[PDB]
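Survey of secondary and tertiary structure
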Amino acid sequence: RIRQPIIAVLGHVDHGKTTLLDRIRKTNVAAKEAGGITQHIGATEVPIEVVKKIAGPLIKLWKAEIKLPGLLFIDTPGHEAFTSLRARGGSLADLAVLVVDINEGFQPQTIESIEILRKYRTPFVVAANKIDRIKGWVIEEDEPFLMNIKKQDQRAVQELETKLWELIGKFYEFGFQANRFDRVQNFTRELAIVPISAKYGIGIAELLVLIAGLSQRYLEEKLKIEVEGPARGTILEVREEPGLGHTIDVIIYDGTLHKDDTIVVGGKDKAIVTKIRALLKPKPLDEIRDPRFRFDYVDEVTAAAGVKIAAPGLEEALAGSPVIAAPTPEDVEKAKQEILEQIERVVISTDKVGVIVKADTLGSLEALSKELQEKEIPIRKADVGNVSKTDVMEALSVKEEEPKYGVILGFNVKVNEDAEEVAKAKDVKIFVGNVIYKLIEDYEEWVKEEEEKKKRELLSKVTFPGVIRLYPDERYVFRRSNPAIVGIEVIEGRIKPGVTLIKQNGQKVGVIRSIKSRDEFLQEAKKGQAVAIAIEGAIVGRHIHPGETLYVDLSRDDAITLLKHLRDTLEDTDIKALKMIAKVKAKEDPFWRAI
Amino acid sequence: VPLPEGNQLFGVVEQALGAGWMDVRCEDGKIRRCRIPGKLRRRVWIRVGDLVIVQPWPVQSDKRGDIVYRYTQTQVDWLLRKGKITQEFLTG
RNA sequence: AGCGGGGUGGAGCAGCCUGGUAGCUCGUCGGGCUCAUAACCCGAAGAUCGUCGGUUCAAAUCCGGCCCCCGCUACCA
Ligand SMILES: Nc1nc2c(ncn2[C@@H]2O[C@H](COP(=O)(O)OP(=O)(O)NP(=O)(O)O)[C@@H](O)[C@H]2O)c(=O)[nH]1
Ligand code: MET
Ligand SMILES: [Mg+2]
């Protein structure tokens, strides 16, 4: 009795990871998701019959048998944010398939995947996609590379040879010896590079037969499992389901699992013990995270298979924690001791003063938390579920003392009627979305808009400084009182209507009623401009003298705002005017003395 | 003799508002409606124009505060001679 | 800009016109009365008259030049 080996696909964004699995399944999943990126890990079972049908005479070249029951493929996101998912996929699987595009070369995600594979000592074989990008290439439906190569010219062959030689050299400075699958004879220190084409199924058969064959060469004794022992497996994800509650999708690889068996699972704080209630099984040749066909309920399952377990009290289950079957209290204690030797790979850091974020799974929550932490944003609470009413109450409590940190970021969740009504009533903002960057950027731009609107209306409140000097010329005086009409040249600052003027001793000469450079009506005067001012409450002689310097009265709050808030819109004349005005006004209040 | 430690700062009493409320001018150029804790209210008499230590309230720390200690003549003279505070802050 | 009016203890007013003591009320300091405070009584300090000059036996008072304050009118960029 041999269980199906577990294969994890790894690679970079836009490198045809989902497309290969879709072609193997002959179903379309790559077009379903939004944004073209898959953010959920899945497990798919491939029967050996379709493997044999895909393969052909090539199986006779190697002296072995096809007695492998099937294959268990695991998909994996290639985005930068989903590091933990890649780590879990690399650690769990027995075999790995690294898919690297020849054209773009290497990416940091590829390096991280290689590092994880080395850390978890997982043997792997390299694939090469985007073959059709080479000019002068003929396309044929589902033929091996050996059949296809003879249909090409010399230029395509030499370009391919150069590209794969460069890739092998690259692996060489990554300290790994590489050679083509048909060009190498050693199979213990040398890997194999399979040039494949996801869009037209070129070279899929070679990769499939190589995966089938290499399983029994490196280590085959780990693939033997007793069919009557206790069940042993691991957790793949934790998600909410309609009508079942908190369920977990697991991959059983040891023993046999039946209904009502007691299991031990490592929770967040401590181990949790519960009795299995529902065992759900995906349809053959179907993605587990895409329920195209109806799930089939099953009384008992046998290793190795991916099943959904619905049991009470699983809301505190930890992703990646192992699950052990225990029918007796001593077995329960042994399982608890085994779980105690398990580490929490990722721990979230909450600052108690931050935003509220809710997702549908733990992995999405981890990715969102890492992306928010990358930009120095505190996180008050992270959990799994839909946006409830108490979340809005918590958000309002945080907003009470921090306007910018009271907000909710929902990632592929639903908003209840009462929650949205309360949010509309109390004016709390909620950002719902399905794409991590499309959701984070919206929050960032809204925060920026609020920040700019904070000071947009602040500018109108303050009054610009200004210092002027009356002409010693009699000509500029055109009316003495009611109103006082006299010309002026600006020394520093900006003159505006409705601004009070004061002298060194601070007498209220009045408020500027109107300004005019000519018979035309003006609005303001900048540096190096002459203008006749018609002011109220000022009289030549007793109140004002020709050739005397006039100062604009300033508000200390306005000065603080100018020196701290609106420090971008300050220039030489403005700062000189404000500084000398502060020096002059430093007579009664020590605030201007200290400036 | 004790000095402010933290968000505390000096202040000059300007006018008593009744029911244990004072109006204190601080060192940061702000006027604050300050509340006198009852523990020292019963035994220490405060009069307009004294150097005191004021801690602003945790919420709305711009117009409210609590007075914690009063500086005697010798202490304020020593502070003036040392130079931690000037004369014009006291005299206004 | 033109015309008219006025400067006296810390404050607000007499003392001019008829030259020859600088007064009135409040205010500050000290002592009285009361168990204590306010009210009340007593005593004392405080301007040499906005400056400069002319007149006169003698000028705050009569006259003139300046400094400041107040009022009225002409005065449309
Ligand atoms: N011309 C060409 N296009 C291809 C080939 N294989 C895939 N593509 C296209 O390139 C894109 C690859 O996206 P996808 O299937 O997401 O790649 P992946 O391997 O799943 N990466 P991930 O899900 O993280 O983005 C798709 O638009 C697909 O149609 C190929 O051999 N030739
Ligand atoms: C109006 O008459 C005008 N010529 C006065 C001076 S403008 C600076
Ligand atoms: Mg994918």
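For the rest of this paragraph, the subject is a negative patch on the surface. Residue and element names in this part refer to chain A. Taken together, the side chains of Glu441, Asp442, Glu445, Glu449, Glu450, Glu451 and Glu452 present a region of like negative charge at the surface. Locating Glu451 in the fold gives a position in helix α12 (residues 436-456). Using a relative accessible area of 49% as the deciding quantity, one classes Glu451 as partly exposed.

Our next topic: helix α7 (residues 204-218) of chain A. Between its first and last C-alpha atoms α7 of chain A spans 22 Å; for 15 residues at 1.5 Å apiece the expected length is 21 Å, and the two agree. Among the residues of α7 of chain A, those classed as buried are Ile204, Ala205, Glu206, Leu207, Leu208, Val209, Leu210, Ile211, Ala212 and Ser215 of chain A.

Residue and element names in this part refer to chain A. Contacts to ligand 1 come from 14 residues, most closely from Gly16, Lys17, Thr18, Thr19 and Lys130. Contact with the protein chains covers 81% of the free accessible surface of ligand 1, which is 650 Å². Split into classes, the residues belonging to the shell around ligand 1 amount to one nonpolar, eight polar and five charged.

Time to look at the pattern of salt bridges. All names here are of chain A. For the structure on display, the rule yields 27 salt bridges over all chains. In this structure, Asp94 and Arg3 form a salt bridge, with 2.9 Å as the shortest nitrogen-oxygen distance. Taken together, the residues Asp94 in the loop between α3 (83-92) and β4 (95-101) and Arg3 in the segment before β1 (6-11) connect sequence positions 91 residues apart. For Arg3, a relative accessible area of 6% gives the class buried. Between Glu444 and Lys375 there is a salt bridge; the shortest N-O distance is 3.7 Å. Placement of the pair is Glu444 in helix α12 and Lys375 in the loop between α9 (362-373) and β18 (379-384), with a sequence separation of 69 residues. Among the residues examined, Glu444 registers a relative accessible area of 29% and is labelled partly exposed. The exposure class assigned to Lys375 is partly exposed, which follows from its relative accessible area of 43%. What emerges from the salt-bridge pattern is a single network uniting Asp22, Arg25, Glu287 and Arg289.

Residues and elements named next belong to chain A. With 31 residues, the main nonpolar core has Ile251, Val357, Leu368, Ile436 and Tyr443 as its most contacted residues. Elements that contribute at least two residues to this core include exactly β1, β3 (70-74), β17 (355-359), α9, β19 (408-411) and α12. Contact partners of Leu368, with chain neighbours within four places excluded, come to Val357, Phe411, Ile436 and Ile440.

For the rest of this paragraph, the subject is the interface of chain A and chain B. Each partner contributes to the interface: chain A provides six residues, whereas chain B provides five residues. For the chain A and chain B pair, buried surface summed over both sides reaches about 400 Å², with 41% attributable to carbon and sulfur atoms. Summed over the shared surface of chain A and chain B, the result is one salt bridge. Split into classes, the residues belonging to the side of chain A that touches chain B amount to two nonpolar, no polar and four charged.

Ligation of the magnesium ion (ligand 3) by protein atoms is provided by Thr18 of chain A (OG1) and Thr38 of chain A (OG1), these donors lying 2.1 to 2.2 Å from the ion. Of this pair, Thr18 of chain A sits in helix α1 (residues 17-25) while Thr38 of chain A sits in the loop between α1 and β2 (43-47), and the two are 20 residues apart along the sequence.

This part is about the sheet that holds strand β4 (residues 52-56) of chain B. Residue and element names in this part refer to chain B. The strand order β1-β2-β3-β5-β4 describes an open sheet built from five strands, whose pairing is mixed. The outermost strands of the open sheet, each flanked by one partner alone, are β1 (11-16) and β4. Recorded for the sheet is a direction-independent mean angle of 45 degrees between the axes of neighbouring strands. Examined bridge by bridge, strand β3 (residues 31-35) and strand β5 (residues 64-70) share three bridges and lie parallel to one another. Opposite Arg35, over in β5, you have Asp66 as the bridge partner.

Residues and elements named next belong to chain A. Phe478, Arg479, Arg480, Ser481, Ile485, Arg513, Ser514, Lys516, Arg518, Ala532, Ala534 and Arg542 make up every residue found near RNA strand C. In RNA strand C, atoms within 4 Å of the protein come 30% from sugar and phosphate. The backbone of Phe478 places a nitrogen or oxygen atom 3.4 Å from a sugar or linking oxygen of RNA strand C. Between a base nitrogen of RNA strand C and a side-chain N or O atom of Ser514, the distance comes to 2.7 Å. Looking at the surface near RNA strand C, the elements with two or more residues in it are β22 (477-479), β25 (508-516) and β26 (530-535). Sort the elements by how many residues they give to the surface near RNA strand C and β25 lands first, with three residues. Here the residues of the surface near RNA strand C sort into four nonpolar, two polar and six charged.

All names here are of chain A. In this structure's numbering, the residues bearing the UniProt feature "binding site: GTP" are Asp75, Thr76, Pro77, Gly78, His79, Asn129, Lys130, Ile131 and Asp132. Taking the farthest pair of C-alpha atoms as the criterion, the annotated set spanning 58 residues is dispersed, since that pair is 24.1 Å apart. Its place among the elements puts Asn129 in strand β5 (residues 124-129). Note on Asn129: relative accessible area 1%, which makes it buried. Other than its neighbours up to four places away in sequence, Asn129 contacts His15, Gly16, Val99, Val100, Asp101, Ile102, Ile196, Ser197 and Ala198. Structurally, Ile131 is set in the loop between β5 and α5 (145-149).

Moving on, we come to the site of ligand 2. Residue and element names in this part refer to chain A. All residues in the neighbourhood of ligand 2 are listed as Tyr476, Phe478, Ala530 and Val531. Protein coverage of the free-state accessible area of ligand 2, which is 290 Å², stands at 64%. Here the residues of the shell around ligand 2 sort into four nonpolar, no polar and no charged.

Another aspect to go through is helix α6 (residues 154-173) of chain A. All names here are of chain A. End to end, α6 covers 29 Å across 20 residues, agreeing with the expected 28 Å (1.5 Å per residue, within 8%). Among all positions in α6, only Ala156, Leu160, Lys163, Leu164, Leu167, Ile168 and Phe171 are buried. Relative to the axis of α6, the buried residues are bounded by an arc of 140 degrees and lie together on one face. The exposed set on the far side of α6, more than 90 degrees from its buried face, consists of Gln154, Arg155, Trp165, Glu166, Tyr172 and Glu173. Contacts made by the buried residues of α6 are with β4, β5, α5 and β6 (193-195). A positive phi of about 65 degrees marks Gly175, the residue just after α6.

Pairs of aromatic rings are described using the distance from one ring centre to the other and the angle between the two planes. Residue and element names in this part refer to chain A. Within this structure, the stated rule accounts for nine aromatic pairs over all chains. Between the aromatic rings of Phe431 and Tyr443, the centroid separation amounts to 6.5 Å while the plane-to-plane angle is 75 degrees, which identifies the pairing as edge-to-face. On the criterion of sequence distance, the pair formed by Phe431 in strand β20 (residues 430-433) and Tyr443 in helix α12 is long-range, its members being twelve residues apart. Residue classification places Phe431 among the buried residues on the basis of a relative accessible area of 9%. We classify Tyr443 as buried; its relative accessible area is 3%.

Calculation criteria
Residues numbered from 1 in each chain as written, not as in the entry; some residues may be left out. Chains lettered and ligands numbered in written order. Heavy atoms only, no water. Patch = residues over 30% accessible without salt bridge, like charges linked within 9 Å, V, L, I, M, F, W, Y side chains within 5 Å. Areas by Shrake-Rupley, 256 points an atom, 1.4 Å probe, with all protein chains shown as cover. Salt bridge = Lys/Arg side-chain N within 4 Å of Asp/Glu carboxyl O. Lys, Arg positive; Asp, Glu negative; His and termini not counted. Charge placed at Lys NZ, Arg CZ, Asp CG, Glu CD. Helix = DSSP H or I, 4+ residues; strand = E, 2+ residues; numbered from the N terminus. Buried < 20%, exposed > 50% of the residue type's maximum accessible area, 1.4 Å probe, protein only. Expected span 1.5 Å × (residues − 1). Near = heavy atom within 4 Å. Nonpolar A, V, L, I, M, F, W, Y, C, P; charged D, E, K, R; others polar. Core = buried A, V, L, I, M, F, W, Y, C linked by side-chain atoms within 4.5 Å. Contact = heavy atoms within 4.5 Å. Buried area = accessible area lost by both parts, 1.4 Å probe. Donors = N, O, S within 2.8 Å, 3.2 Å for Na, K, Ca; no water. Pairing = 2+ DSSP bridges. Axes fitted to C-alpha atoms, helices over the stretch in contact; angles between N-to-C directions. Polar contact = N/O pair within 3.5 Å; in protein donor to acceptor, adjacent residues only side chain to side chain. UniProt positions renumbered as here; feature names shortened; annotations may be inferred. Arc of directions from axis to C-beta. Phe/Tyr/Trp six-rings, centres within 6.5 Å; stacked < 30°, edge-to-face > 60°.

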